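Right, one structure below, let's go through it.
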Amino acid sequence: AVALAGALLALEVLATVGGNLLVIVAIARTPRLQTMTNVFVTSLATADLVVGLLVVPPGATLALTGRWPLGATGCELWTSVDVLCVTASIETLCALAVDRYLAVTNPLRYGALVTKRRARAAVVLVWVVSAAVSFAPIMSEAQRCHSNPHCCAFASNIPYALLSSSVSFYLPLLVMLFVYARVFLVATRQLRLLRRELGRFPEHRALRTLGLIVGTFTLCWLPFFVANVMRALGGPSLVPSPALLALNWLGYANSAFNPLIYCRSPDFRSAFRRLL
Amino acid sequence: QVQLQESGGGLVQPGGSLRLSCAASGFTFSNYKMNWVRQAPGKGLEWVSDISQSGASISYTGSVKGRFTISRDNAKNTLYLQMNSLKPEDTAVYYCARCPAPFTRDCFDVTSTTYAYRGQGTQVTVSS
Amino acid sequence: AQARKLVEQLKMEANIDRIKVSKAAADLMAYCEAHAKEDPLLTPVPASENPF
Amino acid sequence: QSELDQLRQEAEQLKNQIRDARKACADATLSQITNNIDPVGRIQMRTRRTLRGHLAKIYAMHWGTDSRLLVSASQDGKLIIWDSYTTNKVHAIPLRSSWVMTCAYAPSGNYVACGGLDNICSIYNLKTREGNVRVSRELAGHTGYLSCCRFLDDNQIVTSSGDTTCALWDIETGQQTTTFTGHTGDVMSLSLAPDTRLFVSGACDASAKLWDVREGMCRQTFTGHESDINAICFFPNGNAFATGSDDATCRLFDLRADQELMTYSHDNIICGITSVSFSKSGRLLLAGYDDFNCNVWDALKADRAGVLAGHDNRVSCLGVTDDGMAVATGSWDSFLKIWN
Amino acid sequence: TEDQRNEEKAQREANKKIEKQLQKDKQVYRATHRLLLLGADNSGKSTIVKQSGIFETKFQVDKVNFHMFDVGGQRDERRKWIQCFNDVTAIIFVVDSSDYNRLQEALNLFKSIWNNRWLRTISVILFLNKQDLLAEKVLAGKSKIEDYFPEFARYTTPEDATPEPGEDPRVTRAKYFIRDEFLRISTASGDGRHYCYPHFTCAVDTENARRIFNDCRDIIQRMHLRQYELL
Ligand SMILES: O=C(O)c1cccc(-c2cccc(NCCNC[C@@H](O)c3cccc(Cl)c3)c2)c1
């Protein structure tokens with residue numbers, strides 16, 4: 001896969017960095033957009049910017065040519081950083097889901113329940129737990145390419161695989177699922193009440209948005225983690241490493257699309273027009 | 001200076017006909033939703049009917065519904081209210097009220113006790 | 001006496017000194033040109049002396 | 001009864017003579033005689049500063065006498081005094097009634113006054129020996145929402161409200177020493193003359209009147225507009241003033257001519273004017289609008305020269321510094337931009 | 001420059017202390033909801049209140065601090081000082097339905113509030129306050145709604161009606177006709193951003209505040225769904 005590699009790597013790295021920079025700038029320099037919920041979006045944009053800036057290019061180089069350029073310590077740092085950033089991105093998506101749940105099912109006690117300081121504290125907690133779960137391999141193929149043979153292995157033991165898949169993807173998946181389920185029920189209820197009380201004299205929009213969000217997250221982050229857990233429990237004969245690397249590429253693609261799916265409001269577009 | 005001079009009628013037997021002419025000048029007639037308000041003796045101010053800028057949207061009050069015709073001529077800067085089938089409760093003074101602001105679907109605070117863009121008024125009384 | 005006050009009030013505005021608009025027009029524009037030298041919005045000033 | 005018609009008959013006839021006197025004094029339009037002057041061009045106006053500390057709409061502000069300190073009134077019970085150069089806020093005055101519709105800064109730089117729908121024109125003392133900011137007087141003599149008030153001295157605040165009347169208060173004792181009557185509708189904005197010997201008031205009846213601070217009776221009446229009168233200010237010469245109505249049409253009036261000079265109207269704008277002010281030379285007429293952005297009107301040509309922006313909600317107030325160095329506009333977006 | 005340095009450093013400490021106080025009051029301001037109240041002179045707006053120009057009434061229902069005030073001092077004209085209330089959560093429009101003669105005047109006022117440039121995004125909570133007198137008038141039969149409302153001759157009770165026990169069908173037809181007269185005004189220009197919440201209440205009702213808390217919640221909730229591109 002070299003014919004389509006260059007275009008994909010370019011349109012991933014450049015798109016990721018451009019989108020995340022645009023979102024961060026339009027949030028920081030525009031006082032209108034500094035709402036009580038955009039600190040979570042700022043954290044998501046920071047994580048995605050780091051992924052698309054200093055994680056994707058080394059991954060692409062290792063994928064095309066199975067030879068790591070740096071040393072064992074270099075890709076040790078790379079693995080820790082990418083685990084940190086991906087965990088932070090998924091966890092801040094979970095935080096955004098919880099914020100939307102609280103803002104919709106408690107519309108009156110919303111500006112007095114989650115304030116700016118509390119939201120920033122939650123973001124810091126998400127980042128620190130991501131760092132804690134990512135720095136585990138530093139502390140504490142059966143050790144085949146881990147002795148610097150110009151390899152280095154993300155193949156990890158079963159306990160860490162289960163812990164990472166639980167903290168980083170499975171719990172955010174469950175919370176995302178039922179939070180947005182409740183939001184979908186309340187949205188449909190309100191839409192039905194609105195249409196009954198407006199056409200008393202002689203389209204589906206919530207479904208589109210919620211399905212879009214949950215799909216563009218699950219389609220891109222479920223197969224990779226399923227592959228990880230299957231490879232950990234079974235072994236290496238179950239799934240080849242190149243397929244798992246391709247799935248990680250899809251995960252990085254999701255990190256790229258995240259700025260586009262959470263910044264569709266007309267305020268962001270108007271700010272973008274001012275910035276461009 | 002906005003002026004709204006009126007030329008109507010006087011004593012008419014019930015069931016007769018009358019025509020109200022509202023000559024307007026000093027403002028762009030085309031942009032303003034003129035109204036019609038009456039005040040029966042010893043009574044407050046009440047609204048009769050309104051007509052939009054072009055003459056498309058016309059509404060009437062319930063009591064004066066089905067007997068009064070309101071039409072505006074934006075070319076000659078004047079408003080008309082032709083009335084038929086008079087009732088003893090139509091004895092009142094008629095004001096050819098204008099609207100506070102142009103290009104507004106809602107014409108707000110038009111039946112106030114003290115209003116600026118409102119004509120002097122003419123007396124229309126029905127009796128024998 | 002609402003109309004009696006109105007008619008005498010209107011007569012009060014009828015005795016105000018009036019000049020031609022043409023001569024009044026020249027007076028208005030002359031002041032702008034005379035004080036055009038000290039108008040930062042009209043004539044921009046060097047950024048060193050700009051306090052903002 | 002019958003005597004009213006005869007007086008009305010004669011009042012109309014002598015009113016026609018005023019029209020004839022105005023017609024006889026109408027030589028030619030100001031636009032014709034001024035067509036030979038060089039246009040200002042296209043003024044590049046940029047957001048040199050931004051001031052963001054208010055929680056809701058900003059309804060009015062008044063530049064201090066030193067062209068550095070400004071005071072802003074927002075409908076939150078907060079009267080914040082900013083420092084334009086360093087963006088700092090010197091004081092944050094907590095009001096009693098949240099709904100404030102006007103504000104003013106003393107030409108001596110010591111007192112600040114405000115008060116809106118609560119019918120009370122409170123006056124706040126700044127430089128106090130107690131270390132705090134307190135209220136000096138509570139002027140309560142109006143029946144109707146209080147719309148605008150500009151100081152004339154440290155004791156000669158002039159207040160215009162919604163009861164068709166304007167008053168010349170006395171801060172020392174709090175009683176109205178003069179009350180001007182003659183308007184038929186709400187009186188929204190008023191401006192004092194540079195010599196403060198006679199001021200004007202714009203009312204919600206398409207008419208502007210010239211008042212005398214000492215004599216206390218109406219002097220001149222100006223009616224050539226179409227709707228309410230949202231803002232008004234004198235030409236810096238002190239012998240002219242231009243006002244903006246709610247029909248999207250600014251007009252400039254001349255006191256000596258007793259006529260209407262120019263019609264600052266554009267064939268596209270359908271949003272009324274909410275604030276008018278002049279530059280230090282009177283060439284630039286900066287008029288706010290409801291279409292979410294301001295304007296810069298060439299006062300001697302009626303041709304737009306430069307359009308400002310940066311506000312996502314309507315602009316309601318627009319003040320120019322005493323030295324003319326900068327213009328600060330406040331909008332219903334809680335954002336007080338300073339523009340140079 | 002030592003004296004100069006002590007000035008701008010003093011302002012920063014002054015700015016820091018003030019900004020701390022402002023942020024403390026920022027959270028409180030966002031936690032209180034404002035509700036403009038206006039109606040007819042004899043509508044009974046003060047009757048709902050069972051807790052100068054502006055009379056303020058603060059009530060705490062379900063731990064949420066509401067801020068409801070009535071404007072009475074100002075004169076009849078309201079086309080200039082009503083633009084000041086475009087930031088309120090809702091507008092409580094209480095109007096009496098007993099006096100049929102003074103109902104068309106109220107209809108124009110509600111229509112004027114609905115189609116206002118700066119009030120087009122303000123939901124109007126509608127109250128009817130004289131049901132006891134409304135039932136008595138129609139049952140007596142001396143005053144007909146027909147002579148003031150000729151469109152009442154061809155009106156039938158709606159299928160969604162919920163008449164109270166022990167109520168004449170004549171009253172129910174009269175009650176819902178006025179309600180459907182106001183709703184036809186709102187729905188003809190409702191752009192999906194502001195809504196009407198008609199209610200029926202006599203002068204002796206006890207839960208006249210919960211019916212606002214259960215409706216301000218719906219108004220704010222519908223505001224969040226619309227601003228998330230989700231409604
Ligand atoms: O043993 C070998 O010989 C061998 C050879 C060539 C490649 C690999 C291999 C094996 C597994 C993973 C990855 N790269 C992906 C590393 N980022 C993962 C990071 O993107 C992420 C994302 C989400 C969750 C987590 Cl825990 C981690 C590479 C192993």
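Chain labels follow the order of the structure tokens: the first chain is A, the next B, and so on; residue numbering restarts at 1 in every chain, and ligands are counted from 1 in their shown order.
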Using only C-alpha atoms, what does the table of chain E residues within 6 Å of chain B look like, with each row giving the shortest atom pair and its distance in Å to one decimal, sorted by chain and ascending number, as a Markdown table?
| residue | atom | partner | partner_atom | distance |
| --- | --- | --- | --- | --- |
| E:76 | CA | B:112 | CA | 5.9 |
| E:77 | CA | B:109 | CA | 5.8 |
| E:112 | CA | B:106 | CA | 4.6 |
| E:115 | CA | B:106 | CA | 5.0 |
| E:148 | CA | B:63 | CA | 4.9 |
| E:149 | CA | B:62 | CA | 4.8 |
Kindly work out which residues sit at most 7 Å from ligand 1, using only C-alpha atoms and all ligand atoms, and give the list as a ChimeraX atom specification. /A:66,79,82-83,86-87,141,144-145,151-155,164-165,168,241-242,244-245,248
Would you export the selected residues with N, CA and C atoms as a PDB file, in the first residue's frame, please?
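Just written: again.pdb:
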ATOM      1  N   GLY A  66       8.153  -1.259   7.637  1.00  0.00           N
ATOM      2  CA  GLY A  66       8.152  -1.879   8.947  1.00  0.00           C
ATOM      3  C   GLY A  66       9.465  -1.735   9.687  1.00  0.00           C
ATOM      4  N   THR A  79       4.307   5.495  22.072  1.00  0.00           N
ATOM      5  CA  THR A  79       3.196   4.675  22.537  1.00  0.00           C
ATOM      6  C   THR A  79       2.518   5.305  23.745  1.00  0.00           C
ATOM      7  N   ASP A  82       0.511   8.372  22.491  1.00  0.00           N
ATOM      8  CA  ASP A  82      -0.687   8.096  21.706  1.00  0.00           C
ATOM      9  C   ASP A  82      -1.782   7.487  22.572  1.00  0.00           C
ATOM     10  N   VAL A  83      -1.414   6.608  23.510  1.00  0.00           N
ATOM     11  CA  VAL A  83      -2.407   6.080  24.442  1.00  0.00           C
ATOM     12  C   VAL A  83      -3.020   7.215  25.249  1.00  0.00           C
ATOM     13  N   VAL A  86      -5.367   9.428  22.833  1.00  0.00           N
ATOM     14  CA  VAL A  86      -6.594   8.750  22.427  1.00  0.00           C
ATOM     15  C   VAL A  86      -7.533   8.578  23.616  1.00  0.00           C
ATOM     16  N   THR A  87      -6.993   8.177  24.771  1.00  0.00           N
ATOM     17  CA  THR A  87      -7.830   8.045  25.955  1.00  0.00           C
ATOM     18  C   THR A  87      -8.451   9.382  26.328  1.00  0.00           C
ATOM     19  N   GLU A 141       3.359 -12.127  20.072  1.00  0.00           N
ATOM     20  CA  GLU A 141       4.813 -12.113  20.172  1.00  0.00           C
ATOM     21  C   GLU A 141       5.259 -11.974  21.624  1.00  0.00           C
ATOM     22  N   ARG A 144       9.275 -10.469  21.705  1.00  0.00           N
ATOM     23  CA  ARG A 144      10.077 -10.787  20.526  1.00  0.00           C
ATOM     24  C   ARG A 144      10.763  -9.546  19.962  1.00  0.00           C
ATOM     25  N   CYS A 145       9.985  -8.509  19.656  1.00  0.00           N
ATOM     26  CA  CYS A 145      10.508  -7.272  19.094  1.00  0.00           C
ATOM     27  C   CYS A 145      10.613  -6.145  20.119  1.00  0.00           C
ATOM     28  N   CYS A 151      12.544  -3.245  15.901  1.00  0.00           N
ATOM     29  CA  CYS A 151      11.127  -3.314  16.200  1.00  0.00           C
ATOM     30  C   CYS A 151      10.833  -2.484  17.444  1.00  0.00           C
ATOM     31  N   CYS A 152       9.554  -2.434  17.811  1.00  0.00           N
ATOM     32  CA  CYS A 152       9.107  -2.257  19.185  1.00  0.00           C
ATOM     33  C   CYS A 152       7.611  -2.531  19.217  1.00  0.00           C
ATOM     34  N   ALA A 153       7.170  -3.217  20.268  1.00  0.00           N
ATOM     35  CA  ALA A 153       5.878  -3.894  20.253  1.00  0.00           C
ATOM     36  C   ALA A 153       4.901  -3.183  21.172  1.00  0.00           C
ATOM     37  N   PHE A 154       3.707  -2.908  20.650  1.00  0.00           N
ATOM     38  CA  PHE A 154       2.557  -2.526  21.454  1.00  0.00           C
ATOM     39  C   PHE A 154       1.792  -3.739  21.963  1.00  0.00           C
ATOM     40  N   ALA A 155       2.200  -4.941  21.562  1.00  0.00           N
ATOM     41  CA  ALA A 155       1.595  -6.150  22.099  1.00  0.00           C
ATOM     42  C   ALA A 155       1.798  -6.202  23.606  1.00  0.00           C
ATOM     43  N   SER A 164      -7.098  -1.156  29.716  1.00  0.00           N
ATOM     44  CA  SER A 164      -7.118  -0.062  28.754  1.00  0.00           C
ATOM     45  C   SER A 164      -8.412  -0.057  27.954  1.00  0.00           C
ATOM     46  N   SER A 165      -8.845  -1.227  27.477  1.00  0.00           N
ATOM     47  CA  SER A 165     -10.097  -1.289  26.738  1.00  0.00           C
ATOM     48  C   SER A 165     -11.296  -0.940  27.607  1.00  0.00           C
ATOM     49  N   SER A 168     -10.626   3.282  28.532  1.00  0.00           N
ATOM     50  CA  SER A 168     -10.546   4.190  27.397  1.00  0.00           C
ATOM     51  C   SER A 168     -11.724   4.099  26.444  1.00  0.00           C
ATOM     52  N   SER A 241      -0.988  -8.230  12.644  1.00  0.00           N
ATOM     53  CA  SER A 241      -0.696  -6.862  13.065  1.00  0.00           C
ATOM     54  C   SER A 241      -1.038  -5.800  12.021  1.00  0.00           C
ATOM     55  N   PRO A 242      -0.780  -5.988  10.717  1.00  0.00           N
ATOM     56  CA  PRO A 242      -1.149  -4.935   9.751  1.00  0.00           C
ATOM     57  C   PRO A 242      -2.619  -4.544   9.777  1.00  0.00           C
ATOM     58  N   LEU A 244      -4.547  -4.587  12.425  1.00  0.00           N
ATOM     59  CA  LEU A 244      -4.710  -3.779  13.627  1.00  0.00           C
ATOM     60  C   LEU A 244      -4.162  -2.373  13.417  1.00  0.00           C
ATOM     61  N   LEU A 245      -3.037  -2.256  12.709  1.00  0.00           N
ATOM     62  CA  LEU A 245      -2.498  -0.938  12.391  1.00  0.00           C
ATOM     63  C   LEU A 245      -3.447  -0.159  11.488  1.00  0.00           C
ATOM     64  N   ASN A 248      -6.104   1.181  13.664  1.00  0.00           N
ATOM     65  CA  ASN A 248      -5.611   2.357  14.371  1.00  0.00           C
ATOM     66  C   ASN A 248      -5.594   3.576  13.461  1.00  0.00           C
TER      67      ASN A 248
END
Can you tell me which residues surround stretch 10-27 of chain A at a distance of at most 7 Å, considering only C-alpha atoms, apart from same-chain residues fewer than 6 positions away, and format the answer as an MDAnalysis selection string? chainID A and resid 33:34 42 45:46 48:49 52:53 56 253 256 259 271:272
Write the residues of the preceding selection, restricted to N, CA and C atoms, as a PDB file, in the first residue's frame.
ATOM      1  N   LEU A  33     -17.838  32.496  21.883  1.00  0.00           N
ATOM      2  CA  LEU A  33     -17.808  31.042  21.820  1.00  0.00           C
ATOM      3  C   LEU A  33     -17.250  30.393  23.078  1.00  0.00           C
ATOM      4  N   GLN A  34     -16.831  31.175  24.067  1.00  0.00           N
ATOM      5  CA  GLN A  34     -16.297  30.615  25.308  1.00  0.00           C
ATOM      6  C   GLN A  34     -17.413  30.251  26.283  1.00  0.00           C
ATOM      7  N   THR A  42     -12.544  22.295  23.598  1.00  0.00           N
ATOM      8  CA  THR A  42     -11.150  22.722  23.539  1.00  0.00           C
ATOM      9  C   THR A  42     -10.209  21.579  23.896  1.00  0.00           C
ATOM     10  N   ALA A  45     -10.146  19.193  20.957  1.00  0.00           N
ATOM     11  CA  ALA A  45      -9.346  19.741  19.873  1.00  0.00           C
ATOM     12  C   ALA A  45      -7.859  19.661  20.180  1.00  0.00           C
ATOM     13  N   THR A  46      -7.464  19.902  21.432  1.00  0.00           N
ATOM     14  CA  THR A  46      -6.056  19.770  21.803  1.00  0.00           C
ATOM     15  C   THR A  46      -5.572  18.337  21.627  1.00  0.00           C
ATOM     16  N   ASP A  48      -6.843  15.965  19.697  1.00  0.00           N
ATOM     17  CA  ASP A  48      -6.817  15.611  18.284  1.00  0.00           C
ATOM     18  C   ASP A  48      -5.668  16.301  17.562  1.00  0.00           C
ATOM     19  N   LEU A  49      -5.346  17.537  17.950  1.00  0.00           N
ATOM     20  CA  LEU A  49      -4.212  18.227  17.348  1.00  0.00           C
ATOM     21  C   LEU A  49      -2.910  17.505  17.657  1.00  0.00           C
ATOM     22  N   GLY A  52      -2.876  14.244  15.504  1.00  0.00           N
ATOM     23  CA  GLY A  52      -2.622  14.498  14.101  1.00  0.00           C
ATOM     24  C   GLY A  52      -1.314  15.204  13.817  1.00  0.00           C
ATOM     25  N   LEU A  53      -0.641  15.711  14.844  1.00  0.00           N
ATOM     26  CA  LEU A  53       0.628  16.400  14.662  1.00  0.00           C
ATOM     27  C   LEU A  53       1.841  15.529  14.933  1.00  0.00           C
ATOM     28  N   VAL A  56       0.440  10.618  14.159  1.00  0.00           N
ATOM     29  CA  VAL A  56       0.075  10.047  12.863  1.00  0.00           C
ATOM     30  C   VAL A  56       1.283   9.863  11.946  1.00  0.00           C
ATOM     31  N   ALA A 253      -8.242   8.673  12.011  1.00  0.00           N
ATOM     32  CA  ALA A 253      -9.181   9.371  11.141  1.00  0.00           C
ATOM     33  C   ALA A 253     -10.361   9.927  11.927  1.00  0.00           C
ATOM     34  N   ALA A 256      -9.388  12.932  13.489  1.00  0.00           N
ATOM     35  CA  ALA A 256      -9.413  14.002  12.499  1.00  0.00           C
ATOM     36  C   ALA A 256     -10.819  14.560  12.290  1.00  0.00           C
ATOM     37  N   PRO A 259     -13.227  17.505  15.017  1.00  0.00           N
ATOM     38  CA  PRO A 259     -13.515  18.945  14.895  1.00  0.00           C
ATOM     39  C   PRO A 259     -14.706  19.271  14.006  1.00  0.00           C
ATOM     40  N   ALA A 271     -17.804  32.550  13.093  1.00  0.00           N
ATOM     41  CA  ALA A 271     -16.457  32.843  13.571  1.00  0.00           C
ATOM     42  C   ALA A 271     -15.408  32.415  12.551  1.00  0.00           C
ATOM     43  N   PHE A 272     -15.632  31.276  11.891  1.00  0.00           N
ATOM     44  CA  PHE A 272     -14.706  30.808  10.865  1.00  0.00           C
ATOM     45  C   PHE A 272     -14.630  31.793   9.708  1.00  0.00           C
TER      46      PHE A 272
END
Tell me, counting only C-alpha atoms, for each residue of chain D within 9 Å of chain E, which pair of atoms is nearest and how far apart they are in Å to one decimal, in rows ordered by chain and increasing number, as CSV.
residue,atom,partner,partner_atom,distance
D:53,CA,E:22,CA,7.9
D:54,CA,E:22,CA,8.7
D:55,CA,E:26,CA,6.8
D:56,CA,E:87,CA,8.2
D:57,CA,E:87,CA,8.4
D:75,CA,E:84,CA,8.5
D:76,CA,E:29,CA,8.0
D:86,CA,E:8,CA,8.2
D:88,CA,E:15,CA,5.7
D:89,CA,E:15,CA,5.8
D:90,CA,E:14,CA,6.9
D:91,CA,E:18,CA,7.4
D:92,CA,E:18,CA,6.9
D:97,CA,E:54,CA,8.7
D:99,CA,E:84,CA,7.8
D:101,CA,E:84,CA,8.4
D:117,CA,E:53,CA,6.3
D:118,CA,E:53,CA,5.0
D:119,CA,E:53,CA,5.9
D:120,CA,E:52,CA,8.5
D:143,CA,E:74,CA,6.8
D:144,CA,E:74,CA,4.6
D:145,CA,E:74,CA,6.1
D:162,CA,E:74,CA,7.8
D:163,CA,E:75,CA,7.7
D:185,CA,E:77,CA,8.3
D:186,CA,E:77,CA,8.0
D:188,CA,E:80,CA,8.6
D:204,CA,E:80,CA,8.7
Write a file of the selected residues as a short mmCIF file (atom, residue, chain, number, x, y, z; two decimals), in the first residue's frame, keeping N, CA and C atoms.
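Once written, again-v7.cif looks like this:
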data_model
loop_
_atom_site.label_atom_id
_atom_site.label_comp_id
_atom_site.auth_asym_id
_atom_site.auth_seq_id
_atom_site.Cartn_x
_atom_site.Cartn_y
_atom_site.Cartn_z
N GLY D 53 -16.84 42.92 30.42
CA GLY D 53 -17.06 42.59 31.81
C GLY D 53 -18.53 42.57 32.19
N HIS D 54 -19.40 42.87 31.24
CA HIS D 54 -20.82 43.00 31.51
C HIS D 54 -21.54 41.68 31.25
N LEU D 55 -22.62 41.45 32.00
CA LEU D 55 -23.33 40.19 31.94
C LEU D 55 -24.51 40.20 30.99
N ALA D 56 -24.99 41.37 30.58
CA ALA D 56 -26.13 41.46 29.68
C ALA D 56 -25.99 42.72 28.83
N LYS D 57 -27.09 43.13 28.20
CA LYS D 57 -27.05 44.20 27.22
C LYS D 57 -26.50 45.49 27.82
N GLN D 75 -27.90 46.41 31.77
CA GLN D 75 -29.11 46.03 32.49
C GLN D 75 -28.87 44.85 33.42
N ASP D 76 -27.95 45.03 34.37
CA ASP D 76 -27.62 44.01 35.36
C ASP D 76 -27.51 44.57 36.76
N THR D 86 -5.88 51.14 29.68
CA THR D 86 -5.34 49.92 30.28
C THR D 86 -6.39 48.84 30.49
N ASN D 88 -8.52 48.29 32.44
CA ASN D 88 -8.94 48.05 33.82
C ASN D 88 -10.26 48.74 34.11
N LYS D 89 -10.99 48.21 35.10
CA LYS D 89 -12.22 48.82 35.59
C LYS D 89 -11.92 49.45 36.94
N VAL D 90 -12.09 50.77 37.04
CA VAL D 90 -11.78 51.47 38.28
C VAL D 90 -12.81 51.14 39.35
N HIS D 91 -14.10 51.16 38.99
CA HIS D 91 -15.17 50.89 39.94
C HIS D 91 -16.27 50.09 39.27
N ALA D 92 -16.95 49.28 40.08
CA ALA D 92 -18.12 48.51 39.64
C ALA D 92 -19.26 48.87 40.58
N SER D 97 -31.95 49.09 41.12
CA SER D 97 -32.87 48.60 40.10
C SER D 97 -32.06 48.16 38.89
N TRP D 99 -32.94 47.45 35.78
CA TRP D 99 -33.30 48.02 34.49
C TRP D 99 -32.87 49.48 34.45
N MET D 101 -31.48 52.55 31.90
CA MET D 101 -31.60 52.91 30.50
C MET D 101 -30.75 54.10 30.09
N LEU D 117 -36.02 52.50 34.12
CA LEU D 117 -37.45 52.25 34.26
C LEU D 117 -37.95 52.47 35.68
N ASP D 118 -37.07 52.59 36.66
CA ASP D 118 -37.48 52.75 38.05
C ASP D 118 -37.93 54.17 38.37
N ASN D 119 -37.97 55.06 37.38
CA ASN D 119 -38.43 56.44 37.50
C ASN D 119 -37.54 57.30 38.38
N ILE D 120 -36.34 56.84 38.70
CA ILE D 120 -35.46 57.51 39.65
C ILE D 120 -34.12 57.76 38.98
N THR D 143 -42.96 60.82 36.31
CA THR D 143 -43.98 59.79 36.16
C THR D 143 -43.86 59.23 34.75
N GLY D 144 -42.97 58.26 34.59
CA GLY D 144 -42.68 57.68 33.29
C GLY D 144 -41.22 57.31 33.20
N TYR D 145 -40.94 56.31 32.37
CA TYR D 145 -39.59 55.76 32.30
C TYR D 145 -38.59 56.84 31.93
N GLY D 162 -40.00 59.70 29.98
CA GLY D 162 -41.08 59.28 29.13
C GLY D 162 -42.42 59.92 29.40
N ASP D 163 -42.48 60.96 30.22
CA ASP D 163 -43.74 61.65 30.52
C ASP D 163 -43.89 62.91 29.67
N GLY D 185 -45.39 62.88 22.88
CA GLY D 185 -45.08 61.49 23.14
C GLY D 185 -43.83 61.30 23.98
N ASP D 186 -43.33 60.06 24.04
CA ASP D 186 -42.14 59.77 24.82
C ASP D 186 -40.96 60.58 24.31
N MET D 188 -36.97 60.52 24.15
CA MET D 188 -35.97 59.46 24.26
C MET D 188 -34.58 59.99 24.60
N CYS D 204 -40.83 60.95 20.82
CA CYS D 204 -41.47 59.92 20.01
C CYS D 204 -42.71 60.47 19.31
#
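Taking atom CA of residue A:64 as the reference point, atom CA of residue A:163 is found at 29.7 Å.
Summary of the local environment: counting only C-alpha atoms, residues at most 10 Å from stretch 112-119 of chain A, other than itself and those fewer than 6 positions away along its chain, are residues 34, 35, 36, 37, 38, 39, 40, 95, 99, 102, 103, 106 and 125 of chain A; 27, 28, 29, 30, 31, 32 and 64 of chain E.
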Kindly assemble as a tab-separated table a list of the chain A residues that lie within 10 Å of chain D, each paired with its nearest atom pair and their distance in Å to one decimal, using only C-alpha atoms, sorted first by chain and then by ascending residue number.
residue	atom	partner	partner_atom	distance
A:31	CA	D:52	CA	8.4
A:32	CA	D:333	CA	9.0
A:267	CA	D:312	CA	9.9
A:270	CA	D:312	CA	9.9
A:274	CA	D:310	CA	9.3
Could you save those same residues with C-alpha atoms as a CSV table (one decimal), in the first residue's frame?
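Generated file (out25.csv):
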chain,number,residue,atom,x,y,z
A,31,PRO,CA,-15.4,35.6,23.6
A,32,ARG,CA,-18.8,34.7,22.3
A,267,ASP,CA,-21.8,30.5,15.6
A,270,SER,CA,-19.6,32.7,11.5
A,274,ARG,CA,-14.2,36.1,10.3
What's the 6 Å shell around stretch 8-19 of chain C, counting only C-alpha atoms, without same-chain residues fewer than 2 positions away, as a PyMOL selection string? (chain C and resi 5-6) or (chain D and resi 220+256-257)
Mind dumping the selected residues with N, CA, C and O atoms as an mmCIF file, in the first residue's frame?
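Printed below is part.cif as written:
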data_model
loop_
_atom_site.group_PDB
_atom_site.id
_atom_site.type_symbol
_atom_site.label_atom_id
_atom_site.label_comp_id
_atom_site.auth_asym_id
_atom_site.auth_seq_id
_atom_site.Cartn_x
_atom_site.Cartn_y
_atom_site.Cartn_z
ATOM 1 N N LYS C 5 -53.453 78.402 24.463
ATOM 2 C CA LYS C 5 -52.022 78.273 24.706
ATOM 3 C C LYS C 5 -51.293 77.792 23.458
ATOM 4 O O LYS C 5 -50.166 78.222 23.185
ATOM 5 N N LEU C 6 -51.919 76.898 22.688
ATOM 6 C CA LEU C 6 -51.277 76.367 21.491
ATOM 7 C C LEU C 6 -51.047 77.459 20.453
ATOM 8 O O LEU C 6 -49.979 77.518 19.832
ATOM 9 N N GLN D 220 -37.712 76.698 19.713
ATOM 10 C CA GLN D 220 -37.908 76.319 18.323
ATOM 11 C C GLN D 220 -38.406 74.884 18.254
ATOM 12 O O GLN D 220 -38.126 74.071 19.138
ATOM 13 N N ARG D 256 -30.401 78.290 12.977
ATOM 14 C CA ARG D 256 -30.620 79.593 12.360
ATOM 15 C C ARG D 256 -31.521 79.483 11.137
ATOM 16 O O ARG D 256 -32.389 80.337 10.919
ATOM 17 N N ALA D 257 -31.333 78.440 10.327
ATOM 18 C CA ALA D 257 -32.143 78.264 9.129
ATOM 19 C C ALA D 257 -33.560 77.805 9.435
ATOM 20 O O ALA D 257 -34.474 78.117 8.664
#
So which residues touch stretch 218-223 of chain A within 6 Å, counting only C-alpha atoms, skipping near sequence neighbours fewer than 3 positions away, as a PyMOL selection string? chain A and resi 214-215+226+250-251+254
Per DSSP on the backbone, filter chain C down to the residues in alpha helix (DSSP H) and report them as a list in words. residues 2, 3, 4, 5, 6, 7, 8, 9, 10, 11, 12, 13, 21, 22, 23, 24, 25, 26, 27, 28, 29, 30, 31, 32, 33 and 34 of chain C
